[PDB]
Amino acid sequence: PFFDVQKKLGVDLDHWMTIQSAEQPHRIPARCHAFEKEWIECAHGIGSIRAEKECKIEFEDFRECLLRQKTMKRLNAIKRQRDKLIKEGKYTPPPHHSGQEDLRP
Amino acid sequence: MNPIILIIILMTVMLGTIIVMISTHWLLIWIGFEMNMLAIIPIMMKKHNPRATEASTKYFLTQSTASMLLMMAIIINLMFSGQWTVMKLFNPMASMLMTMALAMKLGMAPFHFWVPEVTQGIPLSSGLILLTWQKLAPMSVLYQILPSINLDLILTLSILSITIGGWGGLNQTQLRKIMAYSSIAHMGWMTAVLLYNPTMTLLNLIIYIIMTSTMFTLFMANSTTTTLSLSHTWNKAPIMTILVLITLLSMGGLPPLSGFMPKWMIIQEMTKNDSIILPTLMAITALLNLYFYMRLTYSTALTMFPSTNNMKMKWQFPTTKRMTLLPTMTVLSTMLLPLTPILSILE
Amino acid sequence: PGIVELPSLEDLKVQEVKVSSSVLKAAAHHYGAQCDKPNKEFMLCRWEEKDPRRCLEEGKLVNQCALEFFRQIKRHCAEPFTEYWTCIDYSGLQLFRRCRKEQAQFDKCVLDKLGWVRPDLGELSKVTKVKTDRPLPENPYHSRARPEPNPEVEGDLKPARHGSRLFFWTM
Amino acid sequence: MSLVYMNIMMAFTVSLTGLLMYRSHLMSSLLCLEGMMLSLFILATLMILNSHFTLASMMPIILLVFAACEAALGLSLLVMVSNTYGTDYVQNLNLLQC
Amino acid sequence: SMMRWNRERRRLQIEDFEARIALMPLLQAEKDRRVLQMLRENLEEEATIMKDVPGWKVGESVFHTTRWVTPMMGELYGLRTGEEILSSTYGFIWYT
Amino acid sequence: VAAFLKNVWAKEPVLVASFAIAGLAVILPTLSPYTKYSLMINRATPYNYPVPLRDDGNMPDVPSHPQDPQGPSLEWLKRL
Amino acid sequence: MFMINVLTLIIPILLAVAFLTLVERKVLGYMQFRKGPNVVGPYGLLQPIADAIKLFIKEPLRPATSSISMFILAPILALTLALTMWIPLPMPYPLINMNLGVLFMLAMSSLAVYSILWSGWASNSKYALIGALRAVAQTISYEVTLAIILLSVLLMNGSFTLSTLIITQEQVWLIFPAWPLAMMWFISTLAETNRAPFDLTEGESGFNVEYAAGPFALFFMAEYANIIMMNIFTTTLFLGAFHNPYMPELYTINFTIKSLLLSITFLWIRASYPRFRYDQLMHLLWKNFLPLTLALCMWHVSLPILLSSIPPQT
Amino acid sequence: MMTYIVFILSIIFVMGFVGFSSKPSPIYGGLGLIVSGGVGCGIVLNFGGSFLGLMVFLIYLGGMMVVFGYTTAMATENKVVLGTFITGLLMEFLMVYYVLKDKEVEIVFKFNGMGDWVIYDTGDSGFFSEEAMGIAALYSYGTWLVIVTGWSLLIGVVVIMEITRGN
Ligand SMILES: CCCCCCCCCCCCCCCCCC(=O)OC[C@H](COP(=O)([O-])OC[C@H](O)COP(=O)([O-])OC[C@H](COC(=O)CCCCCCCCCCCCCCCCC)OC(=O)CCCCCCCCCCCCCCCCC)OC(=O)CCCCCCCCCCCCCCCCC
Ligand SMILES: CCCCCCCCCCCCCCCCCC(=O)OC[C@H](COP(=O)([O-])OCC[N+](C)(C)C)OC(=O)CCCCCCCCCCCCCCCCC
Ligand SMILES: CCCCCCCCCCCCCCCCCC(=O)OC[C@H](COP(=O)(O)OCCN)OC(=O)CCCCCCCCCCCCCCCCC
Ligand SMILES: CCCCCCCCCCCCCCCCCC(=O)OC[C@H](COP(=O)(O)OCCN)OC(=O)CCCCCCCCCCCCCCCCC
Ligand SMILES: CCCCCCCCCCCCCCCCCC(=O)OC[C@H](COP(=O)(O)OCCN)OC(=O)CCCCCCCCCCCCCCCCC
Ligand SMILES: C=C(C)[C@H]1Cc2c(ccc3c2O[C@@H]2COc4cc(OC)c(OC)cc4[C@@H]2C3=O)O1
Ligand SMILES: C=C(C)[C@H]1Cc2c(ccc3c2O[C@H]2COc4cc(OC)c(OC)cc4[C@@H]2C3=O)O1
């Protein structure tokens, strides 16, 4: 049972720490505020059964914001091909990726 | 124990169960279980003897391990979902860990190995609290996460609980251990129908709480903790043997009693979902607990016993023990089957 | 998915405000006073577009108006400003409160030679309104179509047809 | 995912297997339980700090406080066992087998 | 005395925060050009590195949305030296 | 009411000072006139950026510049 | 360059602890109508040197220990914690300028009871273990009022920053709005360092009677490395000096003089009273300091709100 | 080598748990859990959770493990231990060799083998620690949480005084 006392009495006991998209102190956004907002606004009211199949793309974007598995996989691929071309000698790093250019601002 | 402090501690047990029932945030679920455990530990140590200290230590270790597994499940849910709603889980690993942790809090097999011991070490009123009130909160969490519960895990735990609760109580002469293996078997019966129809899970929970409350209240009214002291009841109060008769017949599932009501409905909700073999062997195992109930009332409740001379002193005194709700609970634990469609109020 | 579009390196070249943080902090009140409009057009475009690629040119206007803010200091009041940001620059926390007489010399020379009034306590934290010509973003999150909600309940509530219909219970 | 999370979970499972099947001092079981709590604190802290989810920063303190209160409760049970047998050997806790 | 001096200190804190607020648009503009600079440089170096790999789309977004995503730390400082990496990832934490 | 109070002030003056300071700390913010200004200063402290509004055409109470006379002011704080 | 700063922190700590023994013996001498050391150095100035050399060439026990490893780890932890307490102390600038230096010092001083506990473990004498348990319960008792008094004062500071506490007291000493906190704080720091009237390691045999002259000189000096620190911490906390940022040595001379007078106040307290019975200082903490400290913590919670004097966060 | 420092601490953290879950004694079990709390606290401090790191030092190590060592002193006056220790150490170092030779591993979940410096954020938070203001939110947004925690601690005091009495 979920006796929803908080909605029946109209009190906010623990809805505030529940999601990252809620009102934070000093309006601090979470890192995946936009993704979680998009997925929550997709899955709202349609039930969990329709949400698991009709909001898959928002949930994959949000889970990949959280864990960054695809981004780290792409960085692994680029850094590994770069290490292979450094070991073979077919590539050289530029002066702005070796630390010789005295950064912009 | 000071009665004011006893009231405060029982209200804290109730408050922890209420916090698990009403809260939307997983941390408050964990807090409610922590509050419930921390508050129930003195209820078990009410009489201050080494068996209660052993029972409370074993209960503490099992519920603490379960609470740590629950928090690890919540934390993996936070990894893979970035949020905290008490709803379905977003990882099968969190699903498995939370199902395991709630199975440890209920006392389901293979984590059943504390329920016959702890119930033996604590008094009858605290064993009543353990076997009735402490089932409400994890069944609420299982009620809310059932879109994520793995079916094979919950059915493995359920039928393992039913077999171990069946074949564990055949050997038992202690009444508290009979109630504890009955607890394990009934939690298997509640959790096997959970993913099919959770209203029948709630029906089994309420009928179980009524019958268990009836049995522990009769045990407190007669001050009997063993089979043989239960046999000495007819020469003191003959109606109490009749009531433990009809209530133990109801807990095994005889028709036309009310404890036949849930499990029949459970079979009725498992053949709709085209499961035939599973409720069949499930009720085959329930026939074994009904069968040792029928030995434990045929051989040792009906046919009248050798008594002791000091019992003829106890004829001159009536029961001044507060048998709170005992006739109501005895009527409800036996004569409720003609009102079987009352279950819709639990939908 | 798709290719993320990035502007070229020529689209990012602007003359930088190459001064230190104590230099920026020394002139910050007169900067917020005099460089109000392009800074607020930029921060309005920046909170509305939610995308820095759509906020380059307004940002260039910021870097256009900041430099003209400092040139107008350098043509007129270079020495009291230098004496002021040096004293700001000594402090490890960069206290305004340790530097009030140099602030007074800089504010005096700025009000005399440029007519600028320093903002008071509570002015630069105001929510102001910005009149731009750029349109309002109709979908700043690039959100797709939301799923249609489930059908709500309608119709008057009738009794159950012959009760519970549970095996033989006629009610 | 993150690689430090694997080490924190492996620490949790090490202390979980240390709790479960040893049959030793009771204090060693409480130490394994509080190692489980320590790894939960570290893991909750790294997740909440990683996601910049500000309102859950008070969550691990809660995870500390309750569980440390829990730890206090466990020690008192141990002390009652330490007032009964003279040791905290958990094989003295076998009265309730029969 | 602590009443008068803490009221004075709150006024001084508001003055410091308003100096921060007045500087924030210039810092925001420089930060935007900073991150787009680093992403464009990483894009060109990816285009000159990731040609041997078949089936590779240079600058391919891992997100199904087309919304601007704030660049991760390893996205910006992923192809630079370990000194700048260590500075940008633990400088404030390790600062004194 | 003064016999028990003098008795506890002669026997337990530590606890009398404790309960008196605790009672003052409880009841005195409900009687102080400066408790409003604590709230007012803690909301006047700009931790975030004052994000500007798009001028729709009709917002007279919103200024167009920080030095404009409309908007919230802090003269109550500069005077006190 | 930073290593030179670390060494000019920690080597003068050990020298100041060495000459604190001379100051203790001299000031206790003249208060007891006699002299302290004046033979070994001119005016006794070579007495700590001769004493440290004498201890370092005595034979150690190396007894039958329950743990050899914790017998080694107790002086190492004692000296390491006694030296790391000084690193956020702003005088006027700290070695490590951290945002949470107050909470850092509170946590590291809470870690100091393991030296007492492991020194009671390492001796096989069960009575030394009893005295160690009494010392640990004393120290963890007074850490409670340290934490709550320190919290009540930092409600007037605005942050956990130790260098902000100089800015806090630019007009008035913080002993004027918080002298009951200051006097309970001072007696509680006196009870932290096992210092008379709260010492229970000379009479009814302490926890460190197993140690003889190899580790003992280290333990002792780590113990006095806490004492000066606590007084310096009290000097930062209630007697904040004038800081001119263009002449920092004005602050350094001012806080140095105040910290010397406060350490001499420790010496002048221990030469003036008998000791507590053990349950009498437990009565002092749990029944006299703790209700007042809770009451004044309520007062310093509600007081900046009711005076509109909430301090700045930064 | 300095870029992986969090990772390096995490390895010690795992080692520290195998240091005490082997359980030679509650004495050395406590010592291993204190060293483990220190290194996991270093993990927490290296992500910017300075207040939560000082809560590990003040409350876990300085508050609670003191009470564990105290009770170990007062109440509690090989082959299995060393074998379980070296078994867990061999398991962990083979995991380190796998994840450093592969930069990808799967035991239960899929785990990257690069350092976790990549997964951070590139922004600033102004004049506050976000973690500090989130813990400050316990008194403004966390009312029900404060109520249930204070009631649990009051009940905890009452419960300890009940079961330690023995009457
Ligand atoms: C203008 C406004 C005012 C107008 C006023 C007009 C009325 C004035 C008179 C006022 C009194 C009215 C009485 C109630 C209405 C009539 C009830 C009735 O006859 O139901 C027929 C009902 C079905 O017959 P029907 O032809 O379909 O319906 C005819 C009517 O239209 C019946 O209506 P229906 O078609 O709507 O039936 C609905 C449905 C019809 O039922 C069904 O659809 C099937 C489901 C029935 C339940 C099956 C459960 C089987 C497993 C459990 C067995 C338990 C052990 C057996 C009993 C052992 C002792 C307790 O009922 C149920 O499902 C509810 C459960 C059955 C309750 C029956 C009433 C009991 C009241 C007295 C209790 C005393 C014990 C009675 C027997 C208890 C066992 C039932 O008969 C049975 O189920 C067999 C049991 C006997 C009926 C009870 C007779 C009541 C009076 C008994 C007096 C003698 C007492 C002796 C001492 C105590 C016993 C030791
Ligand atoms: C930091 C700079 C230095 C600080 C000052 C310290 C330097 C001087 C030190 C002198 C030597 C001390 C050696 C150790 C002594 C330990 C024993 C001792 O003193 O025990 C403490 C004693 C303990 O009591 P006791 O031991 O004397 O008595 C026995 C206890 N009873 C009575 C219960 C049986 O007193 C205290 O606890 C007082 C602590 C400080 C109280 C502060 C009160 C504030 C006043 C508020 C207002 C009150 C007026 C009424 C309300 C008004 C409302 C507007
Ligand atoms: C969807 C779920 C939502 C929630 C639904 C509601 C769930 C209800 C669960 C009920 C659990 C009750 C547990 C026991 C009562 C709690 C307090 C208690 O223990 O009272 C017993 C009390 C102890 O007194 P003491 O002095 O310690 O006794 C020792 C003997 N000298 O006194 C005695 O020992 C006196 C002896 C008689 C006691 C009988 C108590 C019966 C209580 C159960 C009533 C039936 C259940 C309620 C109805 C069904 C609800 C599902
Ligand atoms: C409402 C305000 C806020 C209240 C909550 C906050 C309180 C802050 C302080 C916390 C104190 C915690 C511990 C308090 C325990 C109180 C009970 C007590 O101590 O009773 C026992 C005592 C007799 O002492 P004994 O038992 O012998 O102990 C050994 C010492 N001889 O008997 C006594 O000492 C008698 C104690 C009762 C009389 C005290 C009266 C003080 C009046 C001061 C002025 C009015 C203050 C306003 C509030 C009313 C307070 C009653
Ligand atoms: C038996 C074993 C051996 C026993 C003897 C030796 C150990 C005991 C004595 C040493 C104790 C070490 C304590 C180290 C951590 C202390 C807490 C801390 O670092 O706080 C300071 C600070 C927080 O302030 P903040 O200003 O926010 O940080 C800068 C951000 N602008 O944070 C910072 O400045 C962060 C700086 C980077 C992270 C620092 C991590 C330090 C290393 C981890 C702990 C190592 C010790 C492990 C053992 C502890 C004791 C068991
Ligand atoms: C750290 C250095 C340089 C040396 C000097 C020194 C030690 C070690 C221990 C001690 C010490 O100096 C003094 C010596 O004399 C007394 C006499 C005392 O009482 C007569 C007394 O009471 C607490 C304490 C003491 C100090 C004490 O223990 O190493
Ligand atoms: C000892 C226990 C647990 C049970 C088993 C048992 C009894 C009491 C009585 C009897 C009994 O065994 C049964 C066996 O088979 C039938 C079958 C019957 O009908 C199918 C039938 O009808 C009355 C009667 C009987 C026996 C009978 O009298 O208590």
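Below, chains carry the letters A, B, ... as their sequence lines are ordered, and counting in each starts from 1. Quick note: numbers below take in every heavy atom, side chains included, and nothing from hydrogens, waters or symmetry partners.
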Is there a side-chain contact between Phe109(H) and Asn91(B) in this structure, where contact means two heavy atoms from C-beta onward sitting under 4.5 Å apart?
yes
Between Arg31(A) and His52(D), do the side chains contain an N or O donor and an N or O acceptor separated by less than 3.5 Å?
no
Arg82(A) vs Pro93(A) side-chain heavy atoms within contact, under 4.5 Å:
yes
Between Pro105(A) and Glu30(E), the two heavy atoms sitting closest are CB-OE1, 3.6 Å
Do we see a donor-acceptor contact under 3.5 Å between the side chains of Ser8(C) and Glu10(C)?
no
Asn112(H) side chain reached by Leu3(D) side chain, heavy atoms, under 4.5 Å
no
Determine whether more than 12 heavy atoms belonging to other residues, nucleotides or ligands lie under 6.0 Å from atom CG of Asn150(C).
yes
Would you say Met17(A) and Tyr141(H) make side-chain contact, with heavy atoms under 4.5 Å?
no
Ionic contact status for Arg63(A) with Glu60(A), cut-off 4.0 Å:
no
Could you tell me whether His142(C) atom NE2 has more than 12 heavy atoms of other residues or ligands within 6.0 Å of it?
yes
Gap between atom CD of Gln20(A) and atom CD1 of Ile48(D) - 0.5 Å precision
10.0 Å
Test side chain to side chain donor-acceptor pair (under 3.5 Å) on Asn46(H) and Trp94(E); report intermediate values, then the result.
CA-CA 8 Å; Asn46(H) 283 317; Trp94(E) 286 353; 3.2 Å; yes
A quick test of your reading: do over 12 heavy atoms of other residues, nucleotides or ligands sit less than 6.0 Å from NZ of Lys37(C)?
no
Quick one: do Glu44(E) and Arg40(E) make a salt bridge, cutoff under 4.0 Å?
yes
Please determine, by modelled atom types, if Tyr141(C) and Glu41(A) share a side-chain donor-acceptor pair under 3.5 angstrom.
no
Scan side-chain atoms only and decide if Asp61(A) and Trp39(A) contain a donor-acceptor pair under the 3.5 Å cut-off.
no
Using the test salt bridge (charged side-chain N to carboxylate O under 4.0 Å, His left out), find all partners of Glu23(A) that sit at least two apart in sequence or belong to another chain.
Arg27(A)
pair check: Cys32(A) + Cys65(A), SG-SG < 2.5 Å:
yes
NZ (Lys79(A)) with more than 12 external heavy atoms under 6.0 Å
no
Going from CG on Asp16(E) to CD on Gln13(E), what distance comes out if it is rounded to the nearest 0.5 angstrom?
7.5 Å
Between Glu41(E) and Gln37(E), a side-chain donor and acceptor under 3.5 Å
yes
Between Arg134(C) and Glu49(C), does the salt bridge (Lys or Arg N to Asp or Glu O under 4.0 Å) criterion hold? Intermediate values first, please.
CA-CA 11 Å; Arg134(C) 64 177 184 87; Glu49(C) 296 290 329; 3.4 Å; yes
Do the side-chain N and O atoms of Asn42(E) and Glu46(E) include a donor-acceptor pair separated by under 3.5 angstrom?
no
Note: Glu38(A)-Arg146(C) ion pair, threshold 4.0 Å (strictly below)
yes
Atom CG in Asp12(A), atom OG1 in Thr24(B): separation rounded to 0.5 Å?
8.0 Å
Identified side-chain contact (heavy atoms from CB on, under 4.5 Å) counterpart of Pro60(D) within the set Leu46(D), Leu43(D), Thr45(D):
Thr45(D)
The test is salt bridge (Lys or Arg N to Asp or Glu O under 4.0 Å); show your working for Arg53(C) and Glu5(C) and say whether it passes.
CA-CA 9 Å; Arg53(C) 298 172 294 173; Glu5(C) 184 68 32; over 6 Å; no
Do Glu54(A) and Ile46(A) have side-chain heavy atoms sitting under 4.5 Å apart?
yes
Could you tell me which non-hydrogen atom of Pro72(F) sits nearest to which non-hydrogen atom of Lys126(C), and how far apart they are?
O-CE, 3.3 Å
Checking side-chain polar atoms at under 3.5 Å, does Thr71(A) have a donor or acceptor matched by the opposite partner on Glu64(A)?
yes
Pair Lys129(C)-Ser64(F), side-chain donor/acceptor within less than 3.5 Å:
yes
Output for pair (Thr85(B) OG1, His15(A) NE2), nearest 0.5 Å, gives 10.0 Å
Shortest non-hydrogen contact from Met72(A) toward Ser2(D)
CE-N, 4.5 Å
So that I can tick it off, tell me whether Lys73(A) and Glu104(H) are bridged by a salt bridge, with the cut-off set at under 4.0 angstrom between side-chain N and carboxylate O.
no
Ion pair present between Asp32(E) and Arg46(C), side-chain N to carboxylate O less than 4.0 angstrom?
yes
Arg67(E) charged N/C atom sitting above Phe35(A) aromatic ring, 6.0 Å / 45°
yes
Could you list the donor-acceptor pairs under 3.5 angstrom formed by side chains in residues 46-53 of chain F, with sequence neighbours left out?
from     : atom 1 : to        : atom 2 : distance (Å)
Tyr47(F) : OH     : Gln313(G) : OE1    : 2.8
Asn48(F) : ND2    : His26(A)  : O      : 2.7

Does atom NZ (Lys57(E)) have a neighbourhood of more than 12 heavy atoms from anything else shown, all under 6.0 Å?
no
Among side-chain atoms of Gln83(B) and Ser81(B), is any donor-acceptor pair under 3.5 angstrom?
yes
For the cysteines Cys55(A) and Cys42(A), is the SG separation below 2.5 Å?
yes
For the CG atom of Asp56(F) and the NZ atom of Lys131(C), what is their distance to the nearest 0.5 Å?
11.0 Å
Please report the C-alpha distance between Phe69(C) and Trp116(C) in whole Å, then the side-chain angles of each, then the deciding distance to 0.1 Å, and finally whether the ring-ring contact (aromatic ring centres under 6.0 Å, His included) criterion is met.
CA-CA 12 Å; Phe69(C) 178 74; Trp116(C) 296 348; 5.4 Å; yes
CG (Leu75(A)) and CZ (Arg68(A)) are apart, to the nearest 0.5 Å, by 10.0 Å
Check whether any side-chain heavy atom of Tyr91(A) lies under 4.5 Å from a side-chain heavy atom of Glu45(E), and answer yes or no.
yes
Looking only at side chains, do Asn50(D) and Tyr120(H) share a donor and an acceptor under 3.5 Å apart?
no
Please tell me if the side chains of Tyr5(D) and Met47(D) come closer than 4.5 Å, counting only heavy atoms from C-beta onward.
yes
Between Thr18(A) and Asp14(A), do the side chains contain an N or O donor and an N or O acceptor separated by less than 3.5 Å?
no
When you compare the side chain of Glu123(C) with that of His65(F), does any pair of heavy atoms fall below 4.5 Å?
no
Test ring-ring contact (aromatic ring centres under 6.0 Å, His included) on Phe53(D) and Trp16(A) and set out the steps.
CA-CA 12 Å; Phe53(D) 173 43; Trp16(A) 55 272; 9.1 Å; no
With the threshold set at 4.0 Å, does a side-chain nitrogen-carboxylate oxygen contact exist between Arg144(C) and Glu58(A)?
yes
